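Along the sequence shown, residues are numbered consecutively beginning with 1. Computation of the quantities below employed the complete heavy-atom set of this structure, encompassing side-chain atoms and omitting hydrogens, waters and symmetry-equivalent molecules.
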Amino acid sequence: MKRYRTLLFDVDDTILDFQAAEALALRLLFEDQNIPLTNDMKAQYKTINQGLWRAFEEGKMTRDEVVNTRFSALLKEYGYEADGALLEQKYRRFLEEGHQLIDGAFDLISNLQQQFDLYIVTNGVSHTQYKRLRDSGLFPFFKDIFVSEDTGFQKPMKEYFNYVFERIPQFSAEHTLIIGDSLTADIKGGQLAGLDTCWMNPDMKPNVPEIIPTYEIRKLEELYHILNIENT
């Protein structure tokens with residue numbers, strides 16, 4: 001039977017609770033600006049932010065443009081003249097203080113480190129991901145951290161994965177699994193790159209693009225059975 005050797009983990013909403021970090025950072029940003037954060041505004045922020053990150057994944061926008069325009073795009077249509085780069089800098093500081101964990105992530109990663117080689121694969125801002133991984137105690141369990149900004153490309157692009165593969169000693173695709181919550185960055189990314197994929201989908205979101213993962217789970221602890229190792 002197949003035994004994976006190398007696990008590539010996405011960060012946000014895979015092992016760290018990015019939703020929680022985002023929720024806190026948005027609240028604090030809007031309090032900082034003394035602007036009421038209505039349900040309608042929060043919903044539009046999420047749609048705008050999602051569309052801009054997708055444009056970046058697709059190669060249609062730089063990440064800097066994504067993060068430096070999302071808050072000006074939102075506030076401008078609600079009638080506020082806003083400096084998108086300044087708002088992002090404030091948001092960024094608050095986001096970098098949120099290192100909430102996904103349920104079971106610490107115990108899972110600690111257990112897997114004993115039997116597999118673990119790596120991080122992320123499109124997130126390098127400083128932000130390093131800091132949140134350090135603060136949550138996850139950082140030392142990973143052999144390396146591969147950030148899109150070093151590569152010239154981003155998940156799901158095949159060239160991002162080429163960069164990662166060249167930097168894993170004795171890399172074998174057949175013995176590698178990528179685990180992440182994004183159909184578009186992680187699952188499409190891994191599939192393109194010749195990897196088995198594991199979709200973290202706790203909320204049983206639909207698969208609108210029909211990007212089919214090798215596995216789909218709701219909780220990280222379901223990995224023990226997929227990886228065929230005993231939980232401890």
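- Looking at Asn111 and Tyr224, their side chains do bring a donor and an acceptor atom within 3.5 Å of each other.
- Within the 3.5 Å criterion, the main-chain N or O of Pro156 finds no donor-acceptor partner in the side chain of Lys188.
- Counted by atom type alone, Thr14 and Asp181 present one or more donor-acceptor pairs between their side chains at under 3.5 Å.
- Counting heavy atoms from C-beta on, the side chains of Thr38 and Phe30 never come closer than 4.5 Å.
- Ion pairing between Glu81 and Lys76 fails under the 4.0 Å rule for side-chain N and carboxylate O.
- Follow the hydrophobic side-chain contacts under 4.5 Å out from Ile48 and you reach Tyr80 in the same cluster.
- Across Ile109, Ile15, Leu138, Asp17, a single residue satisfies side chain to side chain contact (heavy atoms under 4.5 Å, CB included) together with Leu101, and that is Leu138.
- A donor and an acceptor atom, one from each side chain of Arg5 and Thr176, are nowhere located under 3.5 Å apart.
- Put simply, the side chain of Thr6 does not reach to within 4.5 Å of the side chain of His175, judged on heavy atoms.
- A side-chain donor-acceptor contact under 3.5 Å links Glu216 and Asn201.
- Put simply, the side chain of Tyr4 reaches to within 4.5 Å of the side chain of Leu227, judged on heavy atoms.
- For the ring-ring contact (aromatic ring centres under 6.0 Å, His included) condition, the pairs that include at least one residue of residues 138-157, sequence neighbours left out, are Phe106-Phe141, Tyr119-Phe146, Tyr130-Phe139.
- Ring geometry for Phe161 versus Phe165: interplanar angle of 30 to 60°, hence tilted.
- Remark: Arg54 engages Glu57 in a salt bridge, criterion side-chain N to carboxylate O under 4.0 Å.
- Side-chain atoms of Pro213 and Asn207, non-hydrogen and from C-beta on, do get closer than 4.5 Å to each other.
- Note that CD1 of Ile120 and CG of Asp10 are 8.0 Å apart. Values are rounded to the nearest 0.5 Å.
- Residue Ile179 is grouped with residue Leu108 when hydrophobic side chains (ILVMFWY) are merged at heavy-atom distances under 4.5 angstrom, including chains of intermediate members.
- For the pair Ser136 and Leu16, the minimum side-chain heavy-atom distance is below 4.5 Å.
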Do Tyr91 and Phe71 pass the ring-ring contact (aromatic ring centres under 6.0 Å, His included) test, and can you show the C-alpha distance, the side-chain angles, and the key distance before you say yes or no?
CA-CA 9 Å; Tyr91 179 68; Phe71 296 108; 4.7 Å; yes

Starting from the C-alpha separation in whole Å, work towards a yes-or-no answer on side chain to side chain contact (heavy atoms under 4.5 Å, CB included) for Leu74 and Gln44.
CA-CA 7 Å; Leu74 178 70; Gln44 291 306 302; 4.0 Å; yes

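- Side chains of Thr122 and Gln129: a donor-acceptor N/O pair is present below 3.5 angstrom, by distance only.
- Considering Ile168, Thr197, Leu177 in turn, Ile168 is the only one that fulfils the side chain to side chain contact (heavy atoms under 4.5 Å, CB included) rule with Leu8.
- Around atom CD of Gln191, more than 12 heavy atoms belonging to other residues, nucleotides or ligands sit under 6.0 Å away.
- Between the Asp203 side chain and the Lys205 main chain, no donor and acceptor come within less than 3.5 Å of each other.
- The side-chain heavy atoms of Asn68 and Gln89, taken from C-beta on, include no pair separated by under 4.5 Å.
- Salt bridge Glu88/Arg70: present, at least one basic N to carboxylate O contact under 4.0 Å.
- The closest side-chain heavy-atom distance from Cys198 to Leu223 is below 4.5 Å.
- A salt bridge links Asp186 to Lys155: one of the charged nitrogens lies within less than 4.0 Å of a carboxylate oxygen.
- Between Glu31 and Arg27 there is a salt bridge, since at least one side-chain N of the basic residue sits less than 4.0 Å from a carboxylate O of the acidic one.
- Taking 4.5 Å as the limit, some side-chain heavy atom of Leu75 sits within range of a side-chain heavy atom of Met41.
- Taking NZ from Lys42 and OG1 from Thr47, the interatomic distance works out to 13.0 Å, rounded to the nearest 0.5 Å.
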